[PDB]
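This report concerns only the one structure given below.
Protein chains: 4
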Amino acid sequence: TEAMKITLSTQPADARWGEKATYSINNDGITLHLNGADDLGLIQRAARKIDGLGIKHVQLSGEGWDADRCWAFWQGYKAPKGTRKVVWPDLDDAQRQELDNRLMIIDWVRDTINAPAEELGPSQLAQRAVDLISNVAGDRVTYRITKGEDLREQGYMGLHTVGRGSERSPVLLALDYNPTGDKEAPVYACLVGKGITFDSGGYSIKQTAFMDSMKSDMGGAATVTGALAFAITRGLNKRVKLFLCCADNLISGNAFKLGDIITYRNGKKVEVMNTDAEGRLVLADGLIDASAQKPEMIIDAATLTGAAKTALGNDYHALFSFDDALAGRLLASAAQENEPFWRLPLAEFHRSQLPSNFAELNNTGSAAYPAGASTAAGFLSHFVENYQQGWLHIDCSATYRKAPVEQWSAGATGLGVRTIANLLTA
Amino acid sequence: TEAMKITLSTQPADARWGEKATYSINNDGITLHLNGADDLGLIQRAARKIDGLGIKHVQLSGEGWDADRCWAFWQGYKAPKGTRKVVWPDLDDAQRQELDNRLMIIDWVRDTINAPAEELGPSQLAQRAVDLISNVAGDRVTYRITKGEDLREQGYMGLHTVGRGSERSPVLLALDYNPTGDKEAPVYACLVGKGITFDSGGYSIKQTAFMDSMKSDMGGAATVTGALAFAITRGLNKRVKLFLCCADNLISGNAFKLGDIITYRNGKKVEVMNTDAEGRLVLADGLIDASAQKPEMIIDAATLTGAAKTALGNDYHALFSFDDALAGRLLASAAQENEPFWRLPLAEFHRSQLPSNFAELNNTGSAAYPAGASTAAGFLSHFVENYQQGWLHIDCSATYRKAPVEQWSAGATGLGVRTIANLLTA
Amino acid sequence: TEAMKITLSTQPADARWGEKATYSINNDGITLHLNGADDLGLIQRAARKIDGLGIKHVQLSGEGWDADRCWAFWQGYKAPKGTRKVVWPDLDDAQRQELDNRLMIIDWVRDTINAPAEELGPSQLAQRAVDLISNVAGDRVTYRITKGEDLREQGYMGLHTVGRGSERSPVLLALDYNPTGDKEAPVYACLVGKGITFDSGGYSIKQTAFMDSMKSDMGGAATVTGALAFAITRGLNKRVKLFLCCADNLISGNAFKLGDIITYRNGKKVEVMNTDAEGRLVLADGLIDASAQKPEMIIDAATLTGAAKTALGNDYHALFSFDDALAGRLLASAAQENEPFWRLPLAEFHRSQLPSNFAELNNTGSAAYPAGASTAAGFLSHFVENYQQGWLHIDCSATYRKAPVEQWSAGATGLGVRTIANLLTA
Amino acid sequence: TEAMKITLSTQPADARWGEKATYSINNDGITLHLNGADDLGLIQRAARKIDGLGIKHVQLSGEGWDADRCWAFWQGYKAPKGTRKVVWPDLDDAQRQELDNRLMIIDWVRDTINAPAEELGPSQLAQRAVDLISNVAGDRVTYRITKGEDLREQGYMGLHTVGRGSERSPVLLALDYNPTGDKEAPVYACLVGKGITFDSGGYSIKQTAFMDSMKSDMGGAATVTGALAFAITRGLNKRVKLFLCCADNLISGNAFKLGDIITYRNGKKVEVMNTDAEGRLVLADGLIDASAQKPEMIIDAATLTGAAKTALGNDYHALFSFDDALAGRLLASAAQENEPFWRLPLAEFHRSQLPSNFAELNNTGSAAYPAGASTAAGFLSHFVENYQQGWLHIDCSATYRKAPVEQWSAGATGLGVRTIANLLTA
Ligand SMILES: [Ca+2]
Ligand SMILES: [Ca+2]
Ligand SMILES: [Ca+2]
Ligand SMILES: [Ca+2]
Ligand SMILES: [Cl-]
Ligand SMILES: [Cl-]
Ligand SMILES: [Cl-]
Ligand SMILES: [Cl-]
Ligand SMILES: [Cl-]
Ligand SMILES: [Zn+2]
Ligand SMILES: [Zn+2]
Ligand SMILES: [Zn+2]
Ligand SMILES: [Zn+2]
Ligand SMILES: [Zn+2]
Ligand SMILES: [Zn+2]
Ligand SMILES: [Zn+2]
Ligand SMILES: [Zn+2]
């Protein structure tokens with residue numbers, strides 16, 4: 051499959067293509083027509099079109115290619131079907147290294163989220179996460195996998211109650227990246243991820259059109275895993291712990307039921323009035339562990355609500371926090387890493403918008419309080435001891451594209467890895 | 051939490067509150083303004099409002115308080131969340147006795163129905179029922195529990211078929227209150243209760259808005275259990291048998307299916323065309339055992355249909371019977387015990403309104419015969435040997451309040467306990 | 051065309067048909083095998099079967115035929131398609147007169163309700179009612195037809211608001227049957243009928259499956275009109291007034307809207323929160339006019355709720371009243387006239403189960419009070435001056451069969467005419 | 051009635067109510083317990099609870115009462131049913147003036163949005179707006195009303211196409227508040243408001259649960275009208291134009307249809323693929339007129355999308371703009387006026403998220419671009435000549451409460467009036 055030359059030009063396309071065409075093709079190959087408005091976005095969109103032409107082998111030739119332009123092209127060219135090869139252009143040592151780290155880790159996030167639930171159950175997610183971080187951390191990473199009946203015995207009633215309906219046991223991954231080597235080193239940041247490997251909705255069963263992409267309901271877990279790995283390649287030299295709450299949310303003779311009250315280790319009692327709001331139930335157990343470590347920073351990521359996508363579409367990740375200064379610091383990281391985040395409201399009154407007639411907390415909202423992403427964020431705040439300080443919640447509205455768009459193939463995008471990594475090492 | 055005084059007055063409140071105000075608050079405490087139209091109702095409603103003010107500790111002070119006015123206040127004050135404390139007023143030995151028996155047994159019915167399915171499965175239901183009766187009956191009670199595969203070996207195909215989908219096995223509690231201890235003693239009455247600890251609807255899955263309260267689908271079993279216990283405290287000195295058909299109605303690779311034909315021990319064949327019409331399938335097995343005891347009367351109770359709630363709301367329990375004299379006696383008991391019952395139609399033609407193209411009986415009605423509670427009553431009559439006499443069926447439309455109302459908190463009300471107890475001891 | 055003879059026998063069919071067959075056929079014709087259990091019911095079901103055989107011309111032959119048995123047969127034989135001929139047997143004068151009165155008036159009720167909306171608009175319904183009563187009342191009847199803008203101008207805001215959406219003007223028929231001709235004669239009774247000639251639901255549009263029979267939403271109006279004409283054939287010699295509130299509930303640029311507030315002539319303010327609950331809005335105007343006549347009793351009939359059919363199927367009409375003695379007299383009339391009625395609950399608390407946040411009354415109920423037929427009856431009570439005495443509300447759940455059944459063809463049954471006529475002449 | 055005294059106190063209530071209790075009662079009256087956290091929020095909630103006690107006559111007694119605490123109490127005490135009398139405390143001339151202007155203008159917005167559609171059609175909304183402004187401005191305001199067919203002849207195809215299905219003609223109100231009188235005086239700001247007096251959804255009909263509050267679909271028009279009047283009381287000394295696009299969105303034989311293409315005076319062609327997205331179609335016409343006045347600032351307000359409520363609940367208004375500095379000024383005005391606003395995303399790409407196969411623009415988004423409030427903002431940006439600068443779009447998600455909550459009765463809140471007025475006068 052002979053290669054197709056991809057060249058960069060600041061000159062416009064000829065009249066046959068128009069002064070508005072972003073790409074044109076002659077015998078020598080394909081020319082991307084840059085204009086300076088948003089060249090990375092234009093390149094990623096031209097790459098999506100090129101995949102559409104059936105061009106499975108390209109060569110980025112000529113001058114003008116840097117790491118971001120190469121990455122922008124690949125981000126758009128890569129698709130879940132067929133094999134693609136990109137002959138990279140000669141690059142600076144530092145840029146080639148940055149690019150290989152993006153291809154190694156951000157593509158692991160896209161591929162892991164795209165993996166079918168049958169291939170990636172809770173145990174595989176936990177192990178693949180250890181394998182990714184072990185490949186870049188070496189002996190600086192240690193971990194503990196707690197699963198099935200052991201979670202119940204230990205009181206992780208959120209993760210266990212949600213995952214016990216499946217024939218594949220729920221799993222808690224607790225990973226520790228300790229560079230200094232000092233076993234008593236202060237924990238700088240705690241990362242918590244929602245790892246629902248398949249979300250049927252449980253007894254609150256989803257419709258097929260809404261459940262057919264639920265193999266991606268572990269997107270949050272994959273995003274914080276990549277963020278820790280990428281942060282290490284960026285020179286992270288501070289202690290960070292990773293908590294993955296992994297489980298399938300299925301229907302069986304043992305699955306949790308509406309009305310069930312989950313008692314957590316911090317004393318919180320939650321009435322389940324919708325089994326499809328299971329992500330917040332498993333994250334609650336991770337936030338309890340992250341909060342006990344009293345780190346300077348707690349970052350959780352989760353494909354938690356459709357509400358976040360009604361508010362930002364798939365175009366931005368939802369940022370929530372009572373801590374304005376830490377939110378400003380994360381949006382600054384996003385600006386530097388070319389990733390999209392938009393802050394949505396989280397105030398004290400959101401902690402009272404999940405009323406229950408039988409327990410202190412309900413896991414689902416009501417008609418009077420329909421801001422689904424904000425009430426879920428208020429729910430999570432009840433599982434972070436100093437919730438007003440140093441805690442960020444990311445609702446992963448930009449993680450998955452059910453259908454191809456202008457700049458993305460179908461599937462996971464990998465967005466969010468770089469922003470969190472930038473914040474961990476800034 | 052210091053006690054707030056509650057006083058009764060035949061004088062109206064001042065103009066500030068309103069001439070029609072049922073309660074007012076001065077320096078000395080709260081004053082309930084009685085007019086004599088329906089004092090018990092007014093106090094229960096005032097109690098609900100008082101709970102709304104956040105008052106958690108009250109003392110019933112001054113003259114006028116009796117057992118019924120004390121109970122009316124507690125019936126409206128009690129709610130499933132928080133701790134409340136009532137300092138009773140000096141009462142007569144007989145009245146304090148009656149009140150103590152209502153607090154111990156009727157609140158057992160409210161709390162047991164309110165308990166989540168995870169806390170109260172089929173075995174826990176049967177065991178709590180034995181404990182309540184053993185506490186008031188002593189050595190005059192005996193019982194036999196038949197569960198799981200034993201139900202199928204012994205031909206209890208209705209109870210086994212509905213419950214086998216759950217990892218929590220179906221259970222038949224056969225309890226015998228025999229005061230004389232004589233084994234040949236005549237059985238005065240047989241109580242049969244639907245004990246579906248959780249109803250998902252089965253393959254005919256319910257929507258979340260209709261499933262979120264299904265931990266209460268065993269309200270029938272609790273009501274007859276409380277009725278027997280309360281009757282013993284009222285002097286019951288005749289032999290009474292209790293049959294609790296306990297099961298979870300869940301979805302699994304073992305759950306019953308549409309088109310399945312259940313053959314009962316009395317020869318009736320039933321085609322299942324709706325798995326959510328499971329309560330009548332398990333009750334059928336208890337009615338077969340009730341009939342074989344040749345009792346003077348059979349009383350069954352079940353949170354059986356949405357139709358009864360459409361016909362009577364939550365304001366009355368539905369009463370079905372072919373026996374006019376026995377229904378009259380239950381309505382007289384209802385009047386004396388201040389409980390709401392309303393008779394709905396049950397005639398010979400209802401026994402033919404459940405047509406099936408593959409079996410003698412269908413478990414669900416059709417468009418031509420949409421009287422769901424009457425057709426369910428017709429279905430149950432095929433399992434009572436002498437169905438035209440001594441048999442009462444109660445569709446517990448007043449057992450559970452999904453939301454707080456003027457006189458009740460959310461959850462089980464405990465209604466029906468006193469009426470059945472009065473009929474058993476009259 | 052040739053007549054198939056129909057004879058009666060208290061002896062059973064031969065073993066080829068079975069000893070349980072209700073009819074058999076020999077060389078002489080068809081024989082109905084009576085057993086004494088319910089001859090009128092068996093005869094009506096047999097006549098439905100004979101219609102099924104395609105026999106269009108029958109002769110009621112031999113002895114044993116009387117008015118009731120001839121009527122029972124015809125009630126089951128008559129169907130909306132095809133033409134049938136029944137050669138009656140020799141009856142005494144009273145018997146034939148009674149039969150001819152049922153054929154003339156009860157089948158008028160069946161045919162009028164069965165008539166399509168295009169043929170029977172508000173104006174046609176009022177005029178046909180006048181034609182029926184003048185035919186038997188001669189010069190003892192006078193009437194007034196008020197329509198369109200005149201209804202709005204004269205304050206009939208309920209009938210006008212519902213009907214103004216149609217290009218066929220709403221119409222009030224006020225008819226006065228005054229035998230003595232004395233304009234000072236006391237009015238003995240007032241009949242109020244819901245005459246919705248077509249109910250689309252309005253902006254609260256109904257689904258096709260529930261709207262395809264809404265040409266029958268004037269069943270109440272036809273039933274009270276027939277009751278008065280039948281009452282006159284029975285010897286009614288007291289003054290009775292008939293009020294028909296006739297209209298189409300359609301969708302247009304002029305139709306009433308959710309949130310609209312209707313102010314009635316008695317001061318009641320009603321917020322419309324469901325345009326499909328339009329029947330009670332028009333009946334309110336008829337009941338104000340009935341109360342103004344200061345009659346000894348008021349009887350309203352209306353195909354008002356689906357709730358009544360969930361409570362009683364199509365097997366009984368729903369009876370609502372605060373007056374136990376009057377309700378008892380109507381159930382006694384119903385037994386004497388072989389018609390099915392069942393009393394559903396109506397208490398003072400139902401008058402407050404239709405809360406509105408913008409007006410005194412809502413026209414639709416809520417989840418906390420789902421007894422639709424009882425809340426609707428409680429709504430109507432706010433329009434009866436002495437609602438606690440002499441007023442009966444009939445929710446016509448037995449008026450229309452959407453599909454043929456054992457004893458009825460598809461369509462209106464005519465049930466209700468005889469009972470009301472009996473109560474008016476008793 | 052008799053005034054119930056309401057006193058402020060910085061001392062907690064006794065242990066009978068609790069230390070955390072926000073209000074306590076005695077024979078002297080009701081005492082509100084201020085802790086200093088959110089005195090205004092606490093006073094508003096206490097007032098709501100006082101309305102629940104059924105107190106219709108209150109007196110704010112003692113010191114501490116200023117315009118803001120008086121206003122906070124009134125904001126929670128005011129409800130759409132019954133009459134409330136508040137005996138104000140003595141207040142400084144300036145404090146009392148501010149309070150009287152809030153009562154007059156903000157309650158006007160609450161009462162006008164709460165008015166039923168039957169009472170407030172397009173012409174009544176236009177004339178009531180004129181009455182409010184001309185009442186505070188006098189001869190300093192002139193206006194032009196364009197109605198029905200005149201709108202089609204002058205090219206207002208958005209407003210005319212949406213409102214022509216109604217019997218009540220659409221109406222454009224163009225109001226000019228010109229304080230200097232100079233005809234050439236530059237226009238400082240243009241206000242544009244969605245005046246849909248009733249939204250049935252059109253052929254894309256709404257379900258009753260979502261259409262029962264649609265009398266409030268003109269909330270944006272009432273809010274900008276109230277802001278101008280309030281600005282005038284705050285001393286607005288600059289020229290401001292107000293444009294209200296008023297219409298009913300009904301179903302009739304003349305109503306607009308799916309696939310219809312609307313040509314706007316600015317050349318934009320819009321294909322209607324959802325008649326329920328009609329607010330953006332009428333705003334387009336008001337935004338064209340607003341831009342033609344070349345003002346320094348354009349502010350539009352509309353109850354435009356359910357997406358804004360999924361993003362912010364009813365707790366905040368949605369703010370959309372391409373102008374970061376102007377958006378910053380509205381948020382500062384919001385903080386000074388104690389009103390809740392939250393900024394949602396509006397980027398150049400949103401202008402392409404409403405693809406159509408038959409026109410330049412679609413009036414509705416797709417599954418790929420589900421941020422309905424942002425794509426609606428993108429749509430409106432195509433009708434603002436200088437859309438990147440001096441233009442704010444408010445999606446009024448905090449305008450209407452369908453059910454009563456802690457601090458609000460059911461209905462319009464009146465929120466947004468003060469913020470826009472503050473911005474206009476800053
Ligand atoms: Ca996956
Ligand atoms: Ca329970
Ligand atoms: Ca008709
Ligand atoms: Ca309005
Ligand atoms: Cl670069
Ligand atoms: Cl078990
Ligand atoms: Cl009244
Ligand atoms: Cl006032
Ligand atoms: Cl444009
Ligand atoms: Zn889920
Ligand atoms: Zn999930
Ligand atoms: Zn069921
Ligand atoms: Zn059930
Ligand atoms: Zn209707
Ligand atoms: Zn109707
Ligand atoms: Zn709309
Ligand atoms: Zn609208």
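Chains as they are written, first to last, in our numbering: chain A, 51 to 476; chain B, 51 to 476; chain C, 51 to 476; chain D, 51 to 476.
Built from N, CA and C at the ideal position, the CB exists for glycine as well.
For residue i, report the span of its beta strand (DSSP E) as first-last.
i, result
"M347(D)", "347 to 352"
Please state the DSSP three-state secondary structure of residue i.
i, result
"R401(B)", "helix"
"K70(A)", "coil"
"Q109(D)", "strand"
"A334(A)", "helix"
"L201(C)", "helix"
"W441(A)", "strand"
"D249(D)", "strand"
What separation, rounded to the nearest whole angstrom, lies between the Cα atoms of residue i and residue j?
i, j, result
"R119(C)", "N76(C)", "21 Å"
"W458(D)", "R98(D)", "7 Å"
"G336(C)", "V242(C)", "6 Å"
"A358(B)", "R178(D)", "50 Å"
"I349(D)", "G270(D)", "11 Å"
"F399(B)", "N151(C)", "29 Å"
Nearest chain C C-beta to residue i closer than 8 Å, yes or no?
i, result
"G422(B)", "yes"
"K197(D)", "no"
"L362(B)", "yes"
Name the two residues that bound the continuous alpha helix (DSSP H) containing residue i.
i, result
"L182(A)", "172 to 187"
"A476(B)", "No alpha helix (DSSP H) contains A476(B), which DSSP labels as neither H nor E."
"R284(C)", "269 to 284"
"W121(B)", "117 to 127"
For a cutoff of 8 Å on Cβ pairs, would you count residue i as touching chain A?
i, result
"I246(B)", "no"
8 Å is my cut-off, CB to CB: does residue i come that close to chain B?
i, result
"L58(C)", "no"
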